[PDB]
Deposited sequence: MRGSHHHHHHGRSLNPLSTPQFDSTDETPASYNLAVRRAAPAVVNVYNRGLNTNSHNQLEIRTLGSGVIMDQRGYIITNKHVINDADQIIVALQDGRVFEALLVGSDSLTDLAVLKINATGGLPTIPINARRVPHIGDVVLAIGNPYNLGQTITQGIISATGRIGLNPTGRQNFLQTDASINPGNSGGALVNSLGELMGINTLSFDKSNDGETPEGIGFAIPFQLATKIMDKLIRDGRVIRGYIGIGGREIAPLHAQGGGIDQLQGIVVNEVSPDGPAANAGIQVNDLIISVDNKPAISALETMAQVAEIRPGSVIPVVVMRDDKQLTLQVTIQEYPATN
């Protein structure tokens, strides 16, 4: 009846990770504003390292006249946009590192498993830093839109406007992903509950590193739209069009490698340097042609 007992809590994870999560404010001038800054959009962000590099969603900082970053300790900074990527919806920011900066716990060897308890840290409706608890519902999700599929962590930890760019961590405080999207589509006009998506941490890291080194993310472009693999379409003046590639041809192997899954192959296509040459096997009228083509970098978006 009396308690020296310890209540079940995830405070440990909170104390470890929360300080690294910051409030991100996208300030824009308005024709209305008449020279006064107003909040276009607000969200969250994660301090990745001591240098002051911060991850956040791109849609949070788009078309921002000024970007303000607020720490939980009260410190406020004017953020500097290092770079952004529309494809992953990621953006990196830089701030003054004078004095101590909290960093989000990161474990590269850690493997996120379905059923793991996770906490979502962010600033919903600008109420202040909010912590919601859930689990990892699924991994490798393509998101709301099938087209242009990209990996996602699905969690039932409550996610709302302002949570974007914020952190998703486990009970140990380790970063699991960056909260990005919430499912809104309704089959019967009902409201979807407990379905939110986050960019896996490993991917976030790789994209950050690339954005820190270069102003942008660089990928290989081949100018082809297809389905598991035939060529559904050919981009005008594309590397494919330049190679004289023709629509309606199946593709067996590319870069001395098999091509059963378009997703795997396209990912591999983006890894290589722009301008490089590589073999491509295609079967037209049952002929194993081997056209040679020069790659170009992915068109800016």
Query raised in the report: Could you give the ranges of the deposited sequence that carry no C-alpha coordinates?
Result: 1-22, 251-266, 340
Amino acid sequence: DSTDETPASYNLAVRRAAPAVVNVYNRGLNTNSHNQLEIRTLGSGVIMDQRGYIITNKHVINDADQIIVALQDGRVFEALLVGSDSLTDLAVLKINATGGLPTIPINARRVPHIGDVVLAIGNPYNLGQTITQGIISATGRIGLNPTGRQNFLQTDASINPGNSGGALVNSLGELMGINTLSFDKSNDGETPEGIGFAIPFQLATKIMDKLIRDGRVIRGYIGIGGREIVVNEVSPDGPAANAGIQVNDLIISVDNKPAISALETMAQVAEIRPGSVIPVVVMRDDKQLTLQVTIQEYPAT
From here on, numbers count along this sequence of modelled residues.
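Think of the rigid core as the biggest set of C-alphas that the two forms share within 1.5 Å after superposition.
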Report task. Please pick 81-89 or 149-157, whichever has its Cα atoms farther from the shown form in 4 other deposited structures of this protein after a rigid core fit. Result -> 149-157
Query raised in the report: Taking C-alpha RMS after core alignment, which stretch differs more from the shown form in 4 other deposited structures of this protein: 39-47, or 246-254?
Result: 246-254
Query raised in the report: Among the other entries of this protein that model both neighbours of residue 283, is it absent from at least a third?
Result: yes
Query raised in the report: Relative to the other compared entries, is residue 188 without coordinates in a third or more of them?
Result: yes
Query - Entry-level comparison of average CA B-factors, 127-135 and 220-228, reporting the higher stretch - result: 220-228
Requested in this report: Would you determine, from the values in the PDB entry, which of 252-260 and 42-50 has the greater average C-alpha temperature factor?
Outcome: 252-260
Report summary line: Listed options 56, 66, 265, 36: highest C-alpha B factor recorded at 265
Query raised in the report: Which listed residue, 18, 283, 12, 24, has the largest C-alpha temperature factor in the record?
Result: 283
Report task. Using the B-factors in the PDB entry, rank residue 200's C-alpha atom against the chain and give the third, lowest, middle or highest. Result -> lowest
**Report entry** Relative C-alpha B-factor of residue 191, binned into the chain's lowest, middle or highest third
**Finding:** middle
Report summary line: Temperature factor at the Cα of residue 164, chain-ranked in thirds, falls in the lowest
**Report entry** Chain thirds of CA B-factor: placement of residue 170
**Finding:** lowest
Requested in this report: Tell me, lowest, middle or highest third: where does the Cα B factor of residue 122 rank within its chain?
Outcome: lowest
